[PDB]
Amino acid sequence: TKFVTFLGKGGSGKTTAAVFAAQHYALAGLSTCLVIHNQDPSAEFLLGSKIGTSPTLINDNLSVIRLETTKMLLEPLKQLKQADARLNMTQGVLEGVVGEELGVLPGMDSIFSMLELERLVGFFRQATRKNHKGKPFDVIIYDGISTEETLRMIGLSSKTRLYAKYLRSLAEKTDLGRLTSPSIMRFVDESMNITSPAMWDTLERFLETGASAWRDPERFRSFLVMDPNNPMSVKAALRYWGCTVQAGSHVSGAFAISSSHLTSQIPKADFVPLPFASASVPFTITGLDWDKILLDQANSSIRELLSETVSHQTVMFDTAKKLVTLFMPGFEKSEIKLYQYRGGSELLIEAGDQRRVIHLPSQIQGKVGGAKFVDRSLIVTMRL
């Protein structure tokens, strides 16, 4: 199962591009799941149908679902209630929790959205959510809360390690920790399935496996989108390009989405080397004709690109000159801050409100001497 998502400013065509992509992949023979996690009614208009928590099959290959956190939070509570019935740790307090009454709090949308995607795509383990034919989906297209939140998920796998290690330290090297951690570890074990020091090691390995997949381009694919007629939309795309790099990933292409009744202009100059394409999806009052849209010659390019991408570098090291070349589109030198908290072993990059640790090879290891921003790449010279 592969994962596809669209990144861009509000009004840049993300939702339009997500539905277009889902229709294209389904028409092409791929079992496709379009996942919506928001309250924007645009998708329902584009699809010509109301979508809900239960899958809606547009055709035999296009399944659409709306995630609802009110419903998603119920399953974890049910599992926790099952564990407490075996361990009686809460003296029945958990059993009295009416999950059907609980409201959605800040942060819950992002966290539960991330949990459902794991079941659908299978980043950290094999996917468990199957399509209506009992098999796993071929493509998962995700139209999420926001570009910035989607980016927290893309780069999630790499950055969990340090959190888990600090948490293990607080569990195994503190009074209250050695007191609580035992039972908590026993409860999370029961709740998940149907010794403590050892439970922490397996967890760390399970985290490492998730970074191999989320990094694997044969699992995740990101596309930039922009309204070609809005200068702010184009500029935001370039910014989100660098935010994607800073998340630890890459962009697979850039699209100019025109939902108006005009031919889609292409501002292809600023986004090379990315493959560029445009799409014309007019918002007709009588309902979209997807047969016509998908067959329009103007969309032939984007359709090919989409299929070639699912069909199948940010750092370049120079061992001789002691250099780390960091591609940083959408950023200015002033916005990129370099830190070193682990000696010459690693280099931390701070930009776009995200931190990225770049472990340095033996030859490059050292302290930062200077840096220069040429074009859109920062050349960092190391000193030994």
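From 1 onward, residues are counted along the sequence shown.
**Q** Counting only residues from the deposited sequence, how many are left out of the model between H261 and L262 (none, 1 to 3, 4 to 9, 10 or more)?
**A** Nothing is missing between them.
**Q** Report, from the record, the number of residues in the deposited sequence between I194 and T195 that have no coordinates, as none, 1 to 3, 4 to 9, or 10 or more.
**A** Missing residues, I194 to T195: 10 or more.
**Q** What stretch has the higher average Cα B-factor here, 322-330 or 41-49?
**A** Of 41-49 and 322-330, the stretch with the higher C-alpha B-factor average is 322-330.
**Q** 181-189 versus 100-108: which one carries the higher mean Cα B factor per the record?
**A** Mean CA B-factor is higher for 181-189.
**Q** In terms of CA temperature factor as recorded, identify the highest of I293, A171, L151, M72.
**A** Max CA B-factor in the entry, restricted to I293, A171, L151, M72: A171.
**Q** Identify, among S233, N299, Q313, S113, the residue whose C-alpha carries the highest B-factor in the deposited PDB entry.
**A** Of the candidates given, the C-alpha B-factor peaks at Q313.
**Q** Going by the entry, which third of its chain does the Cα temperature factor of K9 land in?
**A** Middle third - that is where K9 ends up once the chain's C-alpha B-factors are sorted.
**Q** For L87, return the chain-relative third of its C-alpha B-factor as stated in the PDB record: lowest, middle or highest.
**A** Top third by C-alpha B-factor.
**Q** Taking the C-alpha B-factors as the PDB entry records them, is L176 in the lowest, middle or highest third of its chain?
**A** Highest third.
**Q** Sorting the chain's CA B-factors, does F206 end up in the lowest, middle or highest third?
**A** Its C-alpha B-factor belongs to the highest third of this chain's values.
**Q** Sorting the chain's modelled residues by C-alpha B-factor, tell me whether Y166 ends up in the lowest, middle or highest third.
**A** Middle third by C-alpha B-factor.
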